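With CSV, C-alpha atoms and all ligand atoms inside, this is run.csv:
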chain,number,residue,atom,x,y,z
A,1,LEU,CA,-2.8,-14.3,-21.2
A,2,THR,CA,-4.8,-17.3,-20.1
A,3,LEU,CA,-7.8,-16.4,-18.0
A,4,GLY,CA,-9.3,-19.3,-16.1
A,5,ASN,CA,-12.1,-19.0,-13.6
A,6,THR,CA,-10.6,-18.8,-10.1
A,7,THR,CA,-11.1,-15.7,-7.9
A,8,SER,CA,-9.2,-15.7,-4.7
A,9,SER,CA,-9.6,-13.3,-1.7
A,10,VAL,CA,-7.2,-12.4,1.0
A,11,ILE,CA,-8.7,-11.4,4.3
A,12,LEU,CA,-7.0,-8.3,5.9
A,13,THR,CA,-6.6,-7.2,9.5
A,14,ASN,CA,-6.9,-3.5,10.2
A,15,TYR,CA,-4.3,-2.2,12.6
A,16,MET,CA,-4.8,1.4,13.8
A,17,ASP,CA,-6.2,2.4,10.3
A,18,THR,CA,-2.5,2.6,9.3
A,19,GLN,CA,-1.5,-1.0,8.5
A,20,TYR,CA,-3.6,-3.6,6.6
A,21,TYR,CA,-2.2,-7.0,6.5
A,22,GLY,CA,-3.0,-10.6,5.6
A,23,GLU,CA,-1.4,-14.0,5.9
A,24,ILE,CA,0.8,-15.9,3.4
A,25,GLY,CA,2.7,-19.1,3.9
A,26,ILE,CA,6.2,-19.9,2.7
A,27,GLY,CA,7.8,-23.3,2.2
A,28,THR,CA,6.8,-26.8,3.3
A,29,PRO,CA,5.4,-27.1,5.8
A,30,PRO,CA,4.1,-23.6,5.4
A,31,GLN,CA,5.7,-21.0,7.7
A,32,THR,CA,3.1,-18.1,8.0
A,33,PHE,CA,4.0,-14.5,7.8
A,34,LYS,CA,1.9,-11.3,8.2
A,35,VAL,CA,2.4,-9.1,5.2
A,36,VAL,CA,1.3,-5.8,3.6
A,37,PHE,CA,0.2,-5.8,0.0
A,38,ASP,CA,1.9,-2.8,-1.5
A,39,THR,CA,1.0,-1.6,-5.0
A,40,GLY,CA,3.8,0.9,-4.4
A,41,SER,CA,6.6,-1.7,-4.8
A,42,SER,CA,7.1,-5.0,-6.6
A,43,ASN,CA,9.2,-7.3,-4.4
A,44,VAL,CA,8.2,-9.9,-1.9
A,45,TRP,CA,10.2,-10.2,1.3
A,46,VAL,CA,10.0,-11.4,4.9
A,47,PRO,CA,12.6,-11.4,7.6
A,48,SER,CA,15.2,-14.1,7.6
A,49,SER,CA,16.2,-16.4,10.4
A,50,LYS,CA,19.7,-15.4,9.3
A,51,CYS,CA,19.0,-11.9,10.5
A,52,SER,CA,21.5,-11.0,13.2
A,53,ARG,CA,19.6,-10.7,16.5
A,54,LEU,CA,21.4,-7.4,17.0
A,55,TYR,CA,18.5,-6.2,14.8
A,56,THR,CA,15.8,-6.0,17.4
A,57,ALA,CA,13.1,-5.8,14.7
A,58,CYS,CA,14.1,-9.4,13.8
A,59,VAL,CA,13.7,-10.4,17.4
A,60,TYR,CA,10.2,-9.0,17.2
A,61,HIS,CA,8.9,-10.7,14.0
A,62,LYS,CA,8.4,-14.1,12.4
A,63,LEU,CA,11.6,-15.3,10.7
A,64,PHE,CA,11.8,-17.6,7.7
A,65,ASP,CA,14.1,-20.6,8.2
A,66,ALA,CA,15.2,-22.2,4.9
A,67,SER,CA,16.4,-25.2,6.9
A,68,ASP,CA,12.8,-26.1,7.7
A,69,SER,CA,11.5,-26.0,4.2
A,70,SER,CA,11.9,-29.0,1.8
A,71,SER,CA,10.6,-26.8,-1.1
A,72,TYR,CA,13.3,-24.3,-0.7
A,73,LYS,CA,15.6,-23.5,-3.6
A,74,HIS,CA,18.8,-21.5,-2.9
A,75,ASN,CA,20.0,-18.5,-4.8
A,76,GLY,CA,21.7,-16.0,-2.6
A,77,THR,CA,22.1,-12.9,-4.7
A,78,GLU,CA,22.1,-9.8,-2.5
A,79,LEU,CA,19.1,-7.5,-2.4
A,80,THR,CA,18.5,-4.0,-1.0
A,81,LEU,CA,15.1,-2.4,-0.9
A,82,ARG,CA,15.2,1.3,-0.3
A,83,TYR,CA,11.7,2.6,0.5
A,84,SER,CA,10.5,6.1,1.1
A,85,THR,CA,10.6,5.6,4.9
A,86,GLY,CA,13.3,3.0,5.4
A,87,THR,CA,15.5,0.3,3.9
A,88,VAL,CA,15.8,-3.5,4.2
A,89,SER,CA,18.6,-5.7,3.0
A,90,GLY,CA,19.3,-9.4,2.5
A,91,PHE,CA,19.5,-12.0,-0.3
A,92,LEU,CA,17.2,-13.7,-2.8
A,93,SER,CA,15.6,-17.1,-2.2
A,94,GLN,CA,13.0,-19.2,-3.8
A,95,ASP,CA,10.2,-21.3,-2.4
A,96,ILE,CA,6.4,-21.8,-2.6
A,97,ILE,CA,4.2,-19.0,-1.4
A,98,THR,CA,0.6,-19.5,-0.6
A,99,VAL,CA,-1.7,-16.5,-0.8
A,100,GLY,CA,-5.5,-16.6,-0.7
A,101,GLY,CA,-5.5,-20.3,-1.6
A,102,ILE,CA,-3.2,-19.8,-4.5
A,103,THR,CA,0.1,-21.7,-4.5
A,104,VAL,CA,2.9,-20.1,-6.7
A,105,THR,CA,6.6,-20.7,-6.7
A,106,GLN,CA,8.0,-17.3,-5.9
A,107,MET,CA,11.4,-15.7,-5.7
A,108,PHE,CA,11.5,-13.6,-2.5
A,109,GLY,CA,14.1,-11.8,-0.4
A,110,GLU,CA,15.2,-13.1,3.0
A,111,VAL,CA,15.9,-9.9,4.9
A,112,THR,CA,18.9,-10.0,7.3
A,113,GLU,CA,19.0,-6.3,8.0
A,114,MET,CA,15.9,-4.4,9.0
A,115,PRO,CA,16.3,-1.3,11.1
A,116,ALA,CA,14.4,-0.8,14.4
A,117,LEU,CA,13.1,2.4,13.0
A,118,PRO,CA,10.6,2.0,11.3
A,119,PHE,CA,10.2,-1.8,11.4
A,120,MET,CA,9.8,-2.0,15.1
A,121,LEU,CA,6.6,-0.2,14.6
A,122,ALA,CA,5.4,-2.7,12.0
A,123,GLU,CA,2.6,-5.1,13.0
A,124,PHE,CA,3.4,-7.0,9.8
A,125,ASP,CA,6.5,-9.1,9.1
A,126,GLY,CA,6.9,-8.6,5.4
A,127,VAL,CA,5.7,-6.9,2.3
A,128,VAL,CA,4.2,-8.3,-0.9
A,129,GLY,CA,4.8,-5.9,-3.7
A,130,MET,CA,1.8,-5.6,-6.1
A,131,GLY,CA,3.5,-3.5,-8.7
A,132,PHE,CA,5.0,-4.1,-12.1
A,133,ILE,CA,8.4,-5.7,-12.8
A,134,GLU,CA,9.6,-2.3,-14.0
A,135,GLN,CA,9.7,-1.3,-10.3
A,136,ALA,CA,10.9,-4.7,-9.1
A,137,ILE,CA,14.5,-4.6,-7.8
A,138,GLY,CA,16.9,-7.3,-8.8
A,139,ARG,CA,14.7,-7.9,-11.8
A,140,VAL,CA,12.7,-10.4,-9.8
A,141,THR,CA,9.3,-11.4,-11.2
A,142,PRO,CA,6.4,-9.9,-9.1
A,143,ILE,CA,4.1,-12.4,-7.4
A,144,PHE,CA,1.1,-11.3,-9.4
A,145,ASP,CA,2.9,-11.7,-12.8
A,146,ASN,CA,3.5,-15.2,-11.7
A,147,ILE,CA,-0.1,-16.0,-10.7
A,148,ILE,CA,-1.3,-14.5,-14.0
A,149,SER,CA,1.1,-17.0,-15.7
A,150,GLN,CA,-0.8,-19.9,-14.1
A,151,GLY,CA,-3.8,-18.9,-16.1
A,152,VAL,CA,-6.3,-19.5,-13.3
A,153,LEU,CA,-7.6,-16.0,-12.6
A,154,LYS,CA,-10.8,-15.1,-14.3
A,155,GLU,CA,-9.6,-11.6,-14.9
A,156,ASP,CA,-6.1,-10.0,-15.0
A,157,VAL,CA,-6.9,-7.6,-12.1
A,158,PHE,CA,-7.0,-7.3,-8.3
A,159,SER,CA,-9.1,-5.1,-6.0
A,160,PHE,CA,-8.5,-3.6,-2.5
A,161,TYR,CA,-11.0,-2.9,0.2
A,162,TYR,CA,-9.9,-1.1,3.3
A,163,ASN,CA,-12.4,-1.0,6.1
A,164,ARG,CA,-12.3,1.4,9.0
A,165,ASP,CA,-11.7,-0.6,12.2
A,171,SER,CA,-15.9,-7.6,11.1
A,172,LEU,CA,-13.0,-7.8,8.6
A,173,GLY,CA,-10.3,-5.2,8.6
A,174,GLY,CA,-10.2,-5.3,4.8
A,175,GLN,CA,-10.1,-7.5,1.7
A,176,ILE,CA,-8.1,-8.1,-1.4
A,177,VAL,CA,-9.7,-10.0,-4.4
A,178,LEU,CA,-7.2,-11.5,-6.8
A,179,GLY,CA,-8.8,-11.9,-10.3
A,180,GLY,CA,-11.7,-9.5,-9.8
A,181,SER,CA,-13.5,-7.4,-7.2
A,182,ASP,CA,-16.2,-8.0,-4.5
A,183,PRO,CA,-19.5,-6.2,-5.4
A,184,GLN,CA,-20.2,-6.6,-1.7
A,185,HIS,CA,-17.8,-3.8,-0.8
A,186,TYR,CA,-18.7,-1.1,-3.3
A,187,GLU,CA,-21.8,0.6,-4.8
A,188,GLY,CA,-22.5,2.8,-7.7
A,189,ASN,CA,-20.3,2.4,-10.9
A,190,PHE,CA,-16.6,2.0,-11.2
A,191,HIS,CA,-14.9,5.0,-12.9
A,192,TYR,CA,-11.5,4.3,-14.4
A,193,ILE,CA,-8.5,6.3,-15.4
A,194,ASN,CA,-5.4,5.2,-17.4
A,195,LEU,CA,-1.9,5.0,-16.1
A,196,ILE,CA,0.5,7.7,-17.3
A,197,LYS,CA,2.8,4.9,-18.3
A,198,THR,CA,2.7,1.2,-17.7
A,199,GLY,CA,5.1,-0.2,-15.1
A,200,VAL,CA,3.8,2.0,-12.3
A,201,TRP,CA,0.4,2.4,-10.6
A,202,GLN,CA,0.2,6.1,-11.2
A,203,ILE,CA,-2.4,8.2,-13.0
A,204,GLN,CA,-2.8,11.8,-14.1
A,205,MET,CA,-4.5,14.0,-11.5
A,206,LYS,CA,-6.4,17.0,-13.0
A,207,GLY,CA,-6.4,19.0,-9.7
A,208,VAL,CA,-6.8,19.2,-6.0
A,209,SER,CA,-9.4,21.4,-4.3
A,210,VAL,CA,-9.3,22.2,-0.5
A,211,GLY,CA,-12.5,23.8,0.6
A,212,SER,CA,-13.9,26.5,-1.8
A,213,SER,CA,-10.6,27.1,-3.7
A,214,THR,CA,-8.8,24.7,-6.0
A,215,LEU,CA,-5.5,26.2,-4.9
A,216,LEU,CA,-3.5,23.0,-5.6
A,217,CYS,CA,-2.3,21.2,-8.7
A,218,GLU,CA,-4.2,23.7,-10.9
A,219,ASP,CA,-2.1,22.7,-13.9
A,220,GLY,CA,-2.3,19.0,-13.4
A,221,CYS,CA,0.0,16.7,-11.5
A,222,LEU,CA,0.8,13.0,-10.8
A,223,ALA,CA,-1.2,10.8,-8.4
A,224,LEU,CA,0.2,7.5,-7.3
A,225,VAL,CA,-2.4,5.0,-6.0
A,226,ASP,CA,-0.5,3.3,-3.1
A,227,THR,CA,-2.1,0.5,-1.1
A,228,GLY,CA,0.9,0.2,1.1
A,229,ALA,CA,0.8,3.9,2.1
A,230,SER,CA,-1.2,4.7,5.2
A,231,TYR,CA,-1.8,8.3,4.4
A,232,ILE,CA,-2.1,10.7,1.5
A,233,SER,CA,1.0,12.7,0.6
A,234,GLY,CA,2.0,15.5,-1.8
A,235,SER,CA,5.2,17.5,-2.5
A,236,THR,CA,6.4,19.4,0.6
A,237,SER,CA,5.5,22.5,-1.3
A,238,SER,CA,1.9,21.3,-1.9
A,239,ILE,CA,1.3,20.0,1.7
A,240,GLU,CA,2.5,23.3,3.2
A,241,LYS,CA,-0.1,25.1,1.0
A,242,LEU,CA,-2.7,22.5,1.8
A,243,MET,CA,-1.9,22.5,5.6
A,244,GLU,CA,-1.7,26.3,5.7
A,245,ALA,CA,-5.3,26.3,4.4
A,246,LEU,CA,-6.4,23.9,7.1
A,247,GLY,CA,-4.9,25.9,9.9
A,248,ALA,CA,-2.8,22.9,10.9
A,249,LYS,CA,0.6,23.2,12.5
A,250,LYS,CA,3.5,21.0,11.4
A,251,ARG,CA,5.2,18.7,13.9
A,252,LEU,CA,8.3,16.6,13.4
A,253,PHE,CA,6.6,13.8,11.3
A,254,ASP,CA,3.0,14.9,10.8
A,255,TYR,CA,0.5,17.7,11.0
A,256,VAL,CA,-2.1,18.2,13.7
A,257,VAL,CA,-5.0,20.5,14.6
A,258,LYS,CA,-6.7,21.4,17.9
A,259,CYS,CA,-9.1,18.4,18.2
A,260,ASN,CA,-12.1,20.7,18.7
A,261,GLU,CA,-11.2,22.2,15.3
A,262,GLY,CA,-11.2,18.8,13.6
A,263,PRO,CA,-14.9,18.6,12.6
A,264,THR,CA,-14.9,22.1,11.1
A,265,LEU,CA,-12.2,21.2,8.6
A,266,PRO,CA,-13.2,21.7,4.9
A,267,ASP,CA,-13.6,19.0,2.4
A,268,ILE,CA,-10.7,17.9,0.2
A,269,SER,CA,-11.2,16.8,-3.4
A,270,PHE,CA,-9.1,15.0,-5.9
A,271,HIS,CA,-9.9,15.5,-9.6
A,272,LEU,CA,-9.2,12.1,-11.1
A,273,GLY,CA,-10.4,11.3,-14.6
A,274,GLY,CA,-13.2,13.8,-14.7
A,275,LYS,CA,-14.9,12.4,-11.5
A,276,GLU,CA,-14.5,14.3,-8.2
A,277,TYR,CA,-13.3,12.4,-5.2
A,278,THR,CA,-14.1,14.2,-2.0
A,279,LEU,CA,-13.1,13.5,1.6
A,280,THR,CA,-14.7,15.2,4.6
A,281,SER,CA,-12.7,15.9,7.7
A,282,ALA,CA,-14.0,12.6,9.2
A,283,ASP,CA,-12.1,10.9,6.4
A,284,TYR,CA,-8.7,12.4,7.1
A,285,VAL,CA,-8.8,13.4,10.8
A,286,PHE,CA,-8.0,11.0,13.6
A,287,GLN,CA,-10.7,12.4,15.8
A,288,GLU,CA,-9.6,10.9,19.0
A,289,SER,CA,-10.9,13.8,21.1
A,290,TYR,CA,-13.0,16.9,20.7
A,291,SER,CA,-11.0,18.8,23.3
A,292,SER,CA,-9.2,22.1,22.4
A,293,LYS,CA,-6.5,21.1,24.8
A,294,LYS,CA,-5.4,18.1,22.8
A,295,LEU,CA,-3.9,17.7,19.3
A,296,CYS,CA,-5.4,15.6,16.6
A,297,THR,CA,-3.2,14.3,13.7
A,298,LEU,CA,-4.3,14.3,10.1
A,299,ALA,CA,-3.9,11.4,7.7
A,300,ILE,CA,-1.9,13.6,5.2
A,301,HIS,CA,1.7,14.6,5.2
A,302,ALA,CA,4.6,15.6,3.0
A,303,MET,CA,6.7,13.3,0.8
A,304,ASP,CA,8.9,14.3,-2.1
A,305,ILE,CA,9.2,11.2,-4.2
A,306,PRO,CA,12.2,11.5,-6.6
A,307,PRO,CA,12.0,11.0,-10.3
A,308,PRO,CA,11.4,9.3,-12.6
A,309,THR,CA,8.4,8.6,-10.4
A,310,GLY,CA,8.2,11.9,-8.5
A,311,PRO,CA,7.4,14.7,-7.8
A,312,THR,CA,4.0,13.1,-7.1
A,313,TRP,CA,1.1,12.7,-4.8
A,314,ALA,CA,0.3,9.4,-3.2
A,315,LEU,CA,-3.3,8.2,-2.4
A,316,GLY,CA,-3.1,5.6,0.4
A,317,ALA,CA,-5.4,3.9,3.0
A,318,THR,CA,-6.9,7.3,3.9
A,319,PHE,CA,-8.2,7.5,0.3
A,320,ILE,CA,-8.9,3.7,-0.4
A,321,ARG,CA,-10.9,3.5,2.8
A,322,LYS,CA,-13.5,5.6,1.1
A,323,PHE,CA,-13.2,4.3,-2.5
A,324,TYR,CA,-13.0,0.6,-3.4
A,325,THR,CA,-10.0,0.3,-5.7
A,326,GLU,CA,-9.5,-2.1,-8.6
A,327,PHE,CA,-6.2,-2.4,-10.4
A,328,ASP,CA,-6.6,-3.5,-14.0
A,329,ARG,CA,-3.4,-5.0,-15.3
A,330,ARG,CA,-5.0,-6.0,-18.6
A,331,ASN,CA,-6.0,-2.5,-19.7
A,332,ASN,CA,-3.4,-0.7,-17.6
A,333,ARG,CA,-6.0,1.4,-15.7
A,334,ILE,CA,-7.4,1.9,-12.2
A,335,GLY,CA,-11.0,2.0,-11.3
A,336,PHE,CA,-12.6,3.6,-8.3
A,337,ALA,CA,-16.1,3.1,-6.8
A,338,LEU,CA,-17.7,4.1,-3.5
A,339,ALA,CA,-16.8,1.7,-0.8
A,340,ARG,CA,-19.6,0.4,1.4
B,401,LIG,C1,11.7,-0.1,-3.8
B,401,LIG,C2,11.0,1.1,-4.4
B,401,LIG,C3,9.8,0.7,-5.2
B,401,LIG,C4,10.6,2.1,-3.3
B,401,LIG,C5,9.4,3.0,-3.6
B,401,LIG,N1,8.2,2.4,-2.9
B,401,LIG,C6,8.1,2.6,-1.6
B,401,LIG,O1,8.9,3.2,-0.9
B,401,LIG,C7,6.9,1.9,-1.0
B,401,LIG,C8,5.6,2.7,-1.3
B,401,LIG,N2,4.4,2.2,-0.8
B,401,LIG,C9,4.5,2.1,0.7
B,401,LIG,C10,5.7,1.3,1.2
B,401,LIG,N3,5.7,1.2,2.6
B,401,LIG,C11,6.3,2.3,3.3
B,401,LIG,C12,6.1,2.2,4.9
B,401,LIG,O2,6.4,3.2,5.5
B,401,LIG,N4,5.6,1.0,5.4
B,401,LIG,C13,5.4,1.0,6.8
B,401,LIG,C14,4.1,1.3,7.2
B,401,LIG,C15,3.9,1.2,8.6
B,401,LIG,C16,4.9,0.8,9.5
B,401,LIG,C17,6.1,0.5,9.0
B,401,LIG,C18,6.4,0.6,7.7
B,401,LIG,CL1,7.9,0.2,7.1
B,401,LIG,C19,5.3,-0.1,4.6
B,401,LIG,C20,5.9,-0.2,3.2
B,401,LIG,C21,5.2,-1.2,2.3
B,401,LIG,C22,7.4,-0.5,3.3
B,401,LIG,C23,7.0,1.7,0.5
B,402,LIG,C1,19.4,-16.5,-8.9
B,402,LIG,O1,18.4,-16.3,-9.8
B,402,LIG,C2,18.8,-15.7,-11.0
B,402,LIG,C3,17.6,-15.4,-11.9
B,402,LIG,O2,17.3,-16.4,-12.8
B,402,LIG,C4,19.8,-16.6,-11.8
B,402,LIG,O3,20.2,-16.1,-13.0
B,402,LIG,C5,21.0,-16.8,-10.8
B,402,LIG,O4,21.9,-17.7,-11.5
B,402,LIG,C6,20.6,-17.4,-9.5
B,402,LIG,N1,21.7,-17.5,-8.6
B,402,LIG,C7,22.2,-18.7,-8.3
B,402,LIG,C8,23.6,-18.9,-8.6
B,402,LIG,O5,21.5,-19.6,-7.8

Show me the file's structure as structure tokens.
Amino acid sequence: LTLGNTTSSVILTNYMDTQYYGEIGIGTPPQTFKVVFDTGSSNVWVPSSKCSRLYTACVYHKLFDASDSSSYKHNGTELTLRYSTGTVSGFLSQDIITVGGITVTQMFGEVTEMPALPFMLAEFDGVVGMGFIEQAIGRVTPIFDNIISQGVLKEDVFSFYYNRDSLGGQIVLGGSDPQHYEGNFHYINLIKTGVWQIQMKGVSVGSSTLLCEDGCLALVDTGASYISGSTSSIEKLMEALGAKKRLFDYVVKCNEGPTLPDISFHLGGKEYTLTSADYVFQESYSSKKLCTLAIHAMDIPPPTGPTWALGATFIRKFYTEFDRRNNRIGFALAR
């Protein structure tokens, strides 16, 4: 584990408080792509120029063309990424990727099949998985494991900062930016290495800790826009907020938004509270209009689930650092 002295930062654009993306470049000359950095997965992929134009999502995004890259190295093994809300498919390729000033030869997937739903709703073109190889598909080495191999990063960690719509957000590779957090960092260890998940001692909504009273799992997901729990949990949680469930999310009468109780997550002894302003898309104060909440149900299957997921809703309030070296996660108040 060679630790050098370079600390890179990736500037992020905040789209609707639901998607945080930055730029990376693939090949020579660089072909730029807008991507999301997802601690929830470990592969890197962008749409391919070989993607049939019958996939409208491909027509609406930047396409990587191997024929315009002199640094390209063929491979072709098929790859399928099945995410919680959709799937992408294609084949593996290799070329040089530039992220935050760092140039690393990376193996990525050239997607030739990306469904209109949900990808048509994606501002970004691709995803850059920030997880461990244990979660990587096709056994492809994650892009961070490769940067750590170049022994240039001061520290074997990276930090995320999600702003709330100046810069939309920021990722620091090799450290954290003291500019975006105050107070001390409070860490927790991962249940097991290979996944960015930690034990969660309990969840309290309002005056009663009616949820996860006997402990539960908490996944810290930078690629997730909201916070999620088992359908069972969310129904309890939403029942308590007085919210009514729609097809894909929960809402409340906008006038009722500001009166919503606080919601806390007991992580590693420290209490992480969010007021209604932190999880309600207060777009109106009218009683005659619905306001959606940044929390919904999601039943992640084992070995990972059942489990909660703390996404942008949570990270917007707490600066998050991911420590690969000591397999822990640290939180601090974001400023
Ligand atoms: C391969 C394996 C690790 C699956 C488990 N991990 C996950 O499913 C990933 C867990 N973190 C969030 C990931 N995202 C889901 C999603 O809904 N996204 C999204 C957001 C807004 C608009 C459109 C889209 Cl597609 C972005 C991605 C990064 C795909 C999936
Ligand atoms: C693709 O990469 C894998 C991983 O090392 C390698 O074993 C395989 O031979 C490559 N495919 C080809 C034939 O280029």

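Among the candidate residues A:231, A:336, A:270, A:158, the one lying nearest to residue 298 (chain A) is A:231, with distances computed using all atoms listed in the file.
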
| request: Please identify the residues whose atoms come within 10 Å of ligand LIG 401 (chain B), using all atoms listed in the file, and report them as a PyMOL selection string. | output: chain A and resi 15+18-20+35-43+80-88+114-132+134-137+200+224-231+305-306+309+314-316

| Nearby residues, ligand LIG 402 (chain B), 9 Å, only C-alpha atoms and all ligand atoms, as a list in words | residues 73, 74, 75, 76, 77, 92, 93, 94, 107, 138, 139 and 140 of chain A

| task | Just give me the gap between CA of residue 277 (chain A) and CA of residue 301 (chain A) in Å, one decimal is fine. | result | 18.4 Å

| said: Which residues are near residue 203 (chain A)? Cut-off 8 Å, all atoms listed in the file, ignore same chain within fewer than 2 positions. Put them as number ranges by chain. | reply: A: 193-196, 201, 205, 222-225

| Top pick for closest residue to residue 216 (chain A), considering A:14, A:287, A:235, A:325 and counting only C-alpha atoms | A:235

| message | So, with only C-alpha atoms as the atoms that count, which of A:267, A:17, A:65, A:288 lies closest to residue 213 (chain A)? | response | A:267

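The closest residue to residue 208 (chain A), picked from A:271, A:322, A:241, A:50 and counting only C-alpha atoms, is A:271.
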
| field | Pick from A:180, A:70, A:297, A:324 nearest to residue 254 (chain A), counting only C-alpha atoms | value | A:297

Starting from the incomplete input, reconstruct N, CA, C and O atoms of region 10-22 of chain A and write that as a short mmCIF file (atom, residue, chain, number, x, y, z; two decimals), in the coordinates of the input.
data_model
loop_
_atom_site.label_atom_id
_atom_site.label_comp_id
_atom_site.auth_asym_id
_atom_site.auth_seq_id
_atom_site.Cartn_x
_atom_site.Cartn_y
_atom_site.Cartn_z
N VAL A 10 -8.06 -12.37 -0.17
CA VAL A 10 -7.20 -12.40 1.00
C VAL A 10 -7.81 -11.52 2.06
O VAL A 10 -8.11 -10.35 1.83
N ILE A 11 -8.05 -12.11 3.22
CA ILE A 11 -8.70 -11.40 4.30
C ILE A 11 -7.57 -10.52 4.97
O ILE A 11 -6.46 -10.99 5.21
N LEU A 12 -7.90 -9.26 5.26
CA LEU A 12 -7.00 -8.30 5.90
C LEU A 12 -7.36 -7.90 7.27
O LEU A 12 -8.54 -7.74 7.57
N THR A 13 -6.35 -7.68 8.10
CA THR A 13 -6.60 -7.20 9.50
C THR A 13 -6.22 -5.73 9.49
O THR A 13 -5.19 -5.30 8.96
N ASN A 14 -7.12 -4.94 10.08
CA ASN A 14 -6.90 -3.50 10.20
C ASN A 14 -6.28 -3.10 11.51
O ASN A 14 -6.91 -3.16 12.57
N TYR A 15 -5.03 -2.68 11.44
CA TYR A 15 -4.30 -2.20 12.60
C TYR A 15 -4.24 -0.71 12.64
O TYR A 15 -3.62 -0.11 11.76
N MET A 16 -4.88 -0.08 13.61
CA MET A 16 -4.80 1.40 13.80
C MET A 16 -5.18 2.24 12.53
O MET A 16 -4.85 3.42 12.51
N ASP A 17 -5.84 1.66 11.53
CA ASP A 17 -6.20 2.40 10.30
C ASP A 17 -4.94 2.78 9.52
O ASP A 17 -5.03 3.51 8.54
N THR A 18 -3.77 2.30 9.95
CA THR A 18 -2.50 2.60 9.30
C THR A 18 -1.83 1.44 8.61
O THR A 18 -1.01 1.62 7.71
N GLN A 19 -2.13 0.22 9.07
CA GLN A 19 -1.50 -1.00 8.50
C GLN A 19 -2.58 -2.07 8.23
O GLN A 19 -3.32 -2.47 9.13
N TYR A 20 -2.64 -2.53 6.98
CA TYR A 20 -3.60 -3.60 6.60
C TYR A 20 -2.83 -4.78 6.14
O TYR A 20 -2.17 -4.74 5.11
N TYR A 21 -2.92 -5.86 6.89
CA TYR A 21 -2.20 -7.00 6.50
C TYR A 21 -2.96 -8.34 6.50
O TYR A 21 -4.02 -8.46 7.11
N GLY A 22 -2.40 -9.31 5.78
CA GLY A 22 -3.00 -10.60 5.60
C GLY A 22 -1.92 -11.66 5.79
O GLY A 22 -0.73 -11.33 5.92
#
